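>>> Fold the following for me, if possible:
(one chain, ligands or ions: 9)
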Amino acid sequence: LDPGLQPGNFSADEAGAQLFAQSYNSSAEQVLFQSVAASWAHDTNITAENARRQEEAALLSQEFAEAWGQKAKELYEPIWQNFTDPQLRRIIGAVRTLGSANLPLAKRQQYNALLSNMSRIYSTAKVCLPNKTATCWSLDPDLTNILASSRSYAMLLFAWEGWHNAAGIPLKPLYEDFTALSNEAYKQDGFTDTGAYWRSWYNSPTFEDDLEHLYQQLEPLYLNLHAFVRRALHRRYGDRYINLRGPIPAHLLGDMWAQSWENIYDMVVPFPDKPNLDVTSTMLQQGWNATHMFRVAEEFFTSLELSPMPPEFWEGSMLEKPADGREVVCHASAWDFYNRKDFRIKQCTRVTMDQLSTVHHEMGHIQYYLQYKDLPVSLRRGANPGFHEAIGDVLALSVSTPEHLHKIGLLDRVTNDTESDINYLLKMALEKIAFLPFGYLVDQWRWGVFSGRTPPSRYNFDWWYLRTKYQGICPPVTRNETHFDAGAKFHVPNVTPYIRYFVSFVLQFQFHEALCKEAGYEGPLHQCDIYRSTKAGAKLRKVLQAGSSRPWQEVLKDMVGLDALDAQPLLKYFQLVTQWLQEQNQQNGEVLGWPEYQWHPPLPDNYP
Ligand SMILES: *[C@@H]1O[C@H](CO[C@@H]2O[C@@H](C)[C@@H](O)[C@@H](O)[C@@H]2O)[C@@H](O[C@@H]2O[C@H](CO)[C@@H](O[C@@H]3O[C@H](CO[C@H]4O[C@H](CO)[C@@H](O)[C@H](O)[C@@H]4O[C@@H]4O[C@H](CO)[C@@H](O)[C@H](O)[C@H]4NC(C)=O)[C@@H](O)[C@H](O[C@H]4O[C@H](CO)[C@@H](O)[C@H](O)[C@@H]4O)[C@@H]3O)[C@H](O)[C@H]2NC(C)=O)[C@H](O)[C@H]1NC(C)=O
Ligand SMILES: *[C@@H]1O[C@H](CO)[C@@H](O[C@@H]2O[C@H](CO)[C@@H](O[C@@H]3O[C@H](CO[C@H]4O[C@H](CO)[C@@H](O)[C@H](O)[C@@H]4O[C@@H]4O[C@H](CO)[C@@H](O)[C@H](O)[C@H]4NC(C)=O)[C@@H](O)[C@H](O)[C@@H]3O)[C@H](O)[C@H]2NC(C)=O)[C@H](O)[C@H]1NC(C)=O
Ligand SMILES: *[C@@H]1O[C@H](CO)[C@@H](O[C@@H]2O[C@H](CO)[C@@H](O[C@@H]3O[C@H](CO)[C@@H](O)[C@H](O[C@H]4O[C@H](CO)[C@@H](O)[C@H](O)[C@@H]4O)[C@@H]3O)[C@H](O)[C@H]2NC(C)=O)[C@H](O)[C@H]1NC(C)=O
Ligand SMILES: *[C@@H]1O[C@H](CO)[C@@H](O[C@@H]2O[C@H](CO)[C@@H](O[C@@H]3O[C@H](CO)[C@@H](O)[C@H](O)[C@@H]3O)[C@H](O)[C@H]2NC(C)=O)[C@H](O)[C@H]1NC(C)=O
Ligand SMILES: *[C@@H]1O[C@H](CO)[C@@H](O[C@@H]2O[C@H](CO)[C@@H](O[C@@H]3O[C@H](CO)[C@@H](O)[C@H](O)[C@@H]3O)[C@H](O)[C@H]2NC(C)=O)[C@H](O)[C@H]1NC(C)=O
Ligand SMILES: *[C@@H]1O[C@H](CO)[C@@H](O[C@@H]2O[C@H](CO)[C@@H](O[C@@H]3O[C@H](CO)[C@@H](O)[C@H](O)[C@@H]3O)[C@H](O)[C@H]2NC(C)=O)[C@H](O)[C@H]1NC(C)=O
Ligand SMILES: *[C@@H]1O[C@H](CO)[C@@H](O[C@@H]2O[C@H](CO)[C@@H](O)[C@H](O)[C@H]2NC(C)=O)[C@H](O)[C@H]1NC(C)=O
Ligand SMILES: *[C@@H]1O[C@H](CO)[C@@H](O)[C@H](O)[C@H]1NC(C)=O
Ligand SMILES: [Zn+2]
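Numbers count the residues shown, from 1 in each chain. Ligands and ions are numbered 1, 2, ... in the order given. Please see the structure below:
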């Protein structure tokens with residue numbers, strides 16, 4: 001520990017604690033920058049040298065959070081709740097959280113080693129065909145691509161069986177040990193369990209109830225969608241393997257976790273005679289290039305009179321693919337270095353209509369970072385953890401439209417045909433609405449484990465209960481408590497909350513509606529854009545400047561006017577497809593929901 005990074009002495013006063021907050025701030029951006037700089041380099045190009053620097057940076061960060069966290073508890077754990085500023089209470093409350101650093105070394109060293117071991121066995125999971133094969137598969141590319149692409153039911157089944165079998169089972173012992181150790185650490189931090197810690201972020205005493213009220217508002221839309229897809233699969237696979245009343249076999253939905261079904265959009269799409277618009281042909285013809293694209297993105301924000309990208313951003317960012325042959329993580333990401341001056345993007349840009357849209361949300365994050373850089377570093381995070389991605393997405397929504405592309409000049413004429421825009425809304429539904437029930441059930445399920453209400457003998461039973469209950473899926477081959485299908489997801493062994501994403505996808509439209517309402521727009525909400533609309537920016541800026549200083553429920557209210565989440569706006573946005581599906585289901589007599597829930601298909605005749 002560098003002494004300039006090691007806390008001093010502070011009184012039990014607020015007057016002292018204000019000085020503690022100030023000192024933590026000044027040290028914090030000096031450590032966090034050094035940490036993120038290393039992590040930036042490692043990700044900007046892989047080298048074992050940079051991986052080492054990455055590893056050392058990780059240790060240096062934890063060592064810093066520890067050295068301050070221990071004193072924050074030692075001096076202010078008896079007090080912090082008392083302090084007059086809700087901003088300061090937020091500052092100290094964040095520092096005062098220690099997480100795993102509560103565990104004594106013996107447990108601590110098991111804990112880290114245990115968490116890493118889960119990630120290893122998941123990331124390095126494998127499936128092998130039932131021969132003396134030279135070669136096995138892995139989740140990507142082999143499994144993701146066979147599962148999404150092929151539709152011979154047996155082959156599709158085996159791929160799903162192998163994965164949840166191989167990825168889950170060897171996790172089963174580890175995840176229990178994690179659950180115990182996880183809760184024990186937070187117990188000392190001040191939470192009943194890890195689950196009550198995660199829910200602590202949304203600072204809502206009624207949080208879990210709020211979700212069910214939201215999800216109940218979605219269920220008519222989701223059931224409408226689910227019931228529609230279910231019929232389509234019946235056309236394809238046969239009467240033996242689908243029940244027009246029952247739930248859907250989990251592996252037919254085109255995705256290993258059935259969390260988003262878009263890979264059956266090719267099979268289901270409405271109005272097969274219409275195209276789906278691709279503006280790439282203009283963009284290449286215009287001589288657009290990656291470097292230019294961001295200036296369009298910046299144009300948008302400047303058009304809202306949000307802040308332009310500072311010169312440092314143009315000096316630093318890796319907008320284009322590198323000139324070297326060096327290996328790089330191409331997946332697009334946006335970075336804030338807690339050093340106030342320089343913000344950074346990595347995009348690996350390929351000039352296509354899709355990545356044009358993608359750049360806008362990635363720059364959206366940068367605009368978000370730019371606005372709250374003025375806060376003390378402890379607060380420089382989204383008003384709540386899903387709130388940051390929402391401000392990212394509302395931007396991509398607007399520009400994805402044909403309406404905005406015409407103001408960009410990339411589109412020649414607007415073509416207001418509902419058959420086309422239904423195609424667009426429906427594919428987006430198969431992407432994101434299918435995700436809401438899944439995103440909801442996981443963190444109910446994990447809360448079930450962390451609260452203990454799912455003891456280890458029920459990990460798998462409570463999982464499939466939650467799947468059929470919410471997502472309308474059932475397992476393709478009988479699954480029993482030796483298996484552990486909850487582990488087969490990325491976010492479970494990586495102990496990463498999904499609930500942020502669900503909260504975000506509701507805040508997304510709850511903003512978009514409140515912006516388009518403010519931007520003077522009227523008409524079909526998916527045809528709104530806010531570009532050039534200074535009225536939207538000035539209100540949007542008020543959200544971004546708040547960062548996390550002000551409780552999100554108060555900030556959201558100041559933007560939208562509602563003290564809480566609501567899915568009515570989301571239903572407004574999807575309204576056109578909502579109506580269309582209701583017609584199509586009514587025409588087919590399709591039974592919404594899934595009675596005969598106690599059904600799942602027989603096995604293929606010679607399996608395998
Ligand atoms: C990615 O795309 C970027 C943008 O490209 C342009 O725009 C897009 C939409 C497409 O249409 C592209 O095809 C198009 O090229 C590229 O940056 C641009 O690169 C080109 C070529 O390298 C630049 O063109 C050259 O610019 C010189 C400077 O011209 C400006 O400054 C003069 C003073 O020096 C001034 O007198 C001019 O009026 C001009 O001012 C610009 O005005 C327009 C509006 O009228 C603004 O939009 C600009 O921002 C203004 N820029 C400034 C600095 O004020 C010219 O001297 C030069 O002409 C000479 O060279 C050409 C060959 O290049 C000869 O053919 C010609 O005869 C003459 O001798 C030429 O115009 C362009 O300026 C760059 N953009 C900017 C903003 O500077 C990226 O390089 C590209 N990257 C990749 C990898 O593709
Ligand atoms: C969390 O902790 C950070 C870091 O300690 C605090 O930032 C510091 O806050 C104070 C108060 O806002 C700020 O002082 C003001 O800075 C303005 C710019 O001052 C710069 O120029 C003068 C000369 O004109 C220098 O004397 C200063 O040291 C500054 O120097 C420049 O700083 C930038 C930013 O880091 C750096 O990139 C440049 O390299 C450097 N210049 C050169 C030539 O190297 C003044 O206009 C104003 O009057 C005040 O002096 C101080 O500069 C901040 N430092 C940094 C590093 O950001 C945060 O305030 C704190 N958080 C909160 C919420 O308080
Ligand atoms: C990924 O990005 C990083 C940052 O841009 C980049 O880092 C540099 O990589 C090169 C090698 O490709 C390093 O060069 C050598 O590093 C070794 C130690 O690992 C040193 O022994 C070498 O010392 C000589 O060169 C010095 C100047 O670099 C001289 O001052 C010295 O006297 C010796 O003559 C040499 O430094 C370089 O150090 C790193 N730098 C950093 C900051 O990481 C890396 O190259 C990129 N990846 C790829 C594949 O290019
Ligand atoms: C932060 O506050 C602490 C507690 O008020 C200060 O700690 C004290 O620091 C002095 C030196 O400034 C230490 O002196 C040592 O005392 C022992 C005898 O106990 C002697 O053998 C050593 O040679 C040395 O003189 C003292 O131990 C230490 N006491 C405690 C309880 O921490 C500290 O000075 C303050 N920080 C700063 C930067 O001033
Ligand atoms: C994380 O997973 C790894 C791998 O499963 C665990 O490390 C393994 O630990 C065992 C002993 O605990 C090692 O087996 C022993 O090896 C020695 C020779 O080194 C041998 O004499 C013993 O009879 C026994 O076979 C095993 O080699 C070791 N594997 C690796 C790769 O290190 C680790 O304990 C797990 N940690 C947690 C927290 O789960
Ligand atoms: C939960 O369901 C699984 C199947 O999905 C059951 O596991 C399977 O049980 C049978 C009977 O023991 C195993 O067959 C045996 O395999 C061994 C080779 O491993 C072979 O030597 C025997 O002759 C016999 O064929 C089968 O392999 C096994 N599968 C797995 C993946 O373990 C399990 O029994 C069910 N749970 C409970 C509690 O019964
Ligand atoms: C910190 O907590 C204490 C205890 O809840 C508060 O002290 C009490 O304050 C009320 C009026 O605010 C008095 O009627 C009590 O007599 C006080 N009790 C004691 C033991 O002093 C204190 O006000 C809180 N501080 C803040 C800033 O809210
Ligand atoms: C598209 O045409 C319909 C015609 O009924 C109209 O109601 C709708 O508002 C048009 N789109 C926009 C963005 O105005
Ligand atoms: Zn994002």
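>>> Grab the nearest non-local neighbour of the residue in the stretch 501-608 of the chain that ligand 9 sits nearest to.
Going by Cβ to the ion, ligand 9 is nearest to residue 504 of the stretch 501-608 of the chain, at 8.7 Å. Yep, even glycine has a C-beta here, placed from its N, CA and C like the rest. Once flanking residues are discounted, residue 504 sits nearest to residue 386: 3.8 Å by Cβ to Cβ, 6 or more residues apart in numbering.
>>> residues contacting that neighbour?
Residue 386 sits next to 499-504, 507 when contact means Cβ atoms under 8 Å, 6 or more residues apart in numbering.
>>> Number of residues surrounding the residue in the stretch 301-450 of the chain that ligand 9 sits nearest to?
Residue nearest to ligand 9 within the stretch 301-450 of the chain (Cβ to the ion): residue 392, separated by 4.1 Å. Per other Cβ atoms under 10 Å, the neighbour tally for residue 392 reads 22.
>>> What helix or strand is it located in?
According to DSSP states H and E, residue 392 maps onto helix 387-400.
>>> Likewise for residue 480?
Using DSSP H and E, residue 480 sits within no helix or strand.
>>> before we move on, the earlier item: the residue of the stretch 301-450 of the chain closest to ligand 9: what's it in contact with?
Listed by Cβ under 8 Å, 6+ apart, the contact set of residue 392 reads 361-362, 364-365, 368.
>>> swap the cut-off to 6 Å and go again
361, 364-365 (Cβ atoms under 6 Å, 6 or more residues apart in numbering).
>>> Serialize those residues to CSV and add fields for neighbour count and distance to ligand 8.
Formatted as CSV, the contacts of residue 392 follow (neighbours: other Cβ atoms under 10 Å; distance: Cβ to the nearest ligand atom, whole Å):
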residue, neighbour count, distance to ligand 8
361, 21, 22
364, 26, 23
365, 21, 28
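>>> Rebuild the contacts of residue 386 as a markdown table, extending it with neighbour count and secondary structure.
A markdown table is the format used below for the contacts of residue 386 (neighbours: other Cβ atoms under 10 Å; DSSP: H, G, I helix; E, B strand; the rest coil):
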| residue | neighbour count | secondary structure |
| --- | --- | --- |
| 499 | 23 | helix |
| 500 | 22 | helix |
| 501 | 21 | helix |
| 502 | 24 | helix |
| 503 | 26 | helix |
| 504 | 21 | helix |
| 507 | 29 | helix |
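>>> What residues does the stretch 451-600 of the chain have near ligand 5?
Within the stretch 451-600 of the chain, no position lies close to ligand 5 (Cβ under 6 Å from any ligand atom).
>>> all helices for the stretch 451-600 of the chain, in order.
In the stretch 451-600 of the chain, the segments counted as helices under DSSP state H, counting those that start in this stretch are 459-466, 499-518, 534-546, 552-560, 568-573, 575-588.
>>> Centre of the chain to the longest one, how far?
Its chain's C-alpha centre and that of helix 499-518 lie 14 Å apart, by Cα atoms, centre = their mean, to the nearest Å.
>>> Is ligand 8 within reach of that helix?
No. Helix 499-518 stays out of contact with ligand 8 when judged by Cβ under 6 Å from any ligand atom, the minimum separation being 11.2 Å.
>>> Next: the fifth one.
No. Legend: contact between helix 568-573 and ligand 8 by Cβ under 6 Å from any ligand atom is lacking; minimum distance shown is 13.4 Å.
>>> could you say what helices and strands that helix packs with?
Contacts defined by 3 or more Cβ pairs under 6 Å, 6 or more residues apart in numbering; DSSP states H and E place helix 568-573 against helix 499-518.
>>> angle of the helix it packs on against helix 534-546?
Relative orientation of helix 499-518 versus helix 534-546 (axes from the mean of the first three to the mean of the last three Cα atoms, to 10 degrees): 150 degrees.
>>> Which residues does helix 499-518 contact?
Residues external to helix 499-518 that are found in contact with it (Cβ under 6 Å, 6+ apart): 385-387, 389-390, 393-394, 397, 432, 439-440, 443, 528, 530, 535-536, 539, 559-560, 565, 567, 569-570, 573.
>>> From residue 356, how far off is residue 2?
Taking Cβ to Cβ, to the nearest Å as the measure, residue 2 falls 44 Å from residue 356.
>>> quick one: which of these two has more around it?
Taking neighbours as other Cβ under 10 Å, residue 2 and residue 356 compare with residue 356 leading, 23 against 12.
>>> Counting neighbours, what do you get for the closest residue to the more buried one other than its chain neighbours?
Leaving aside its chain neighbours, residue 356 sits nearest to residue 293 (6.2 Å; criterion: Cβ to Cβ, 6+ apart). By the criterion of other Cβ under 10 Å, residue 293 has 20 neighbours.
>>> Render the CA-only coordinates of the helix or strand harbouring residue 293 in CSV, please.
Using DSSP H and E, the element containing residue 293 is helix 290-303. Provided in CSV are the C-alpha atoms of helix 290-303 (Å, rounded to 0.1, in the frame of the first residue of the first chain):
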residue,chain,number,x,y,z
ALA,A,290,-15.8,4.2,-39.1
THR,A,291,-14.0,7.4,-38.1
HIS,A,292,-16.7,9.5,-39.8
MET,A,293,-19.6,7.6,-38.2
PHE,A,294,-18.8,8.8,-34.6
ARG,A,295,-18.9,12.4,-35.9
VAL,A,296,-22.5,11.6,-36.9
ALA,A,297,-23.1,10.2,-33.5
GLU,A,298,-21.5,13.3,-31.9
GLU,A,299,-23.6,15.4,-34.3
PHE,A,300,-26.7,13.8,-32.7
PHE,A,301,-25.6,14.7,-29.2
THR,A,302,-24.5,18.1,-30.2
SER,A,303,-27.8,18.5,-31.9
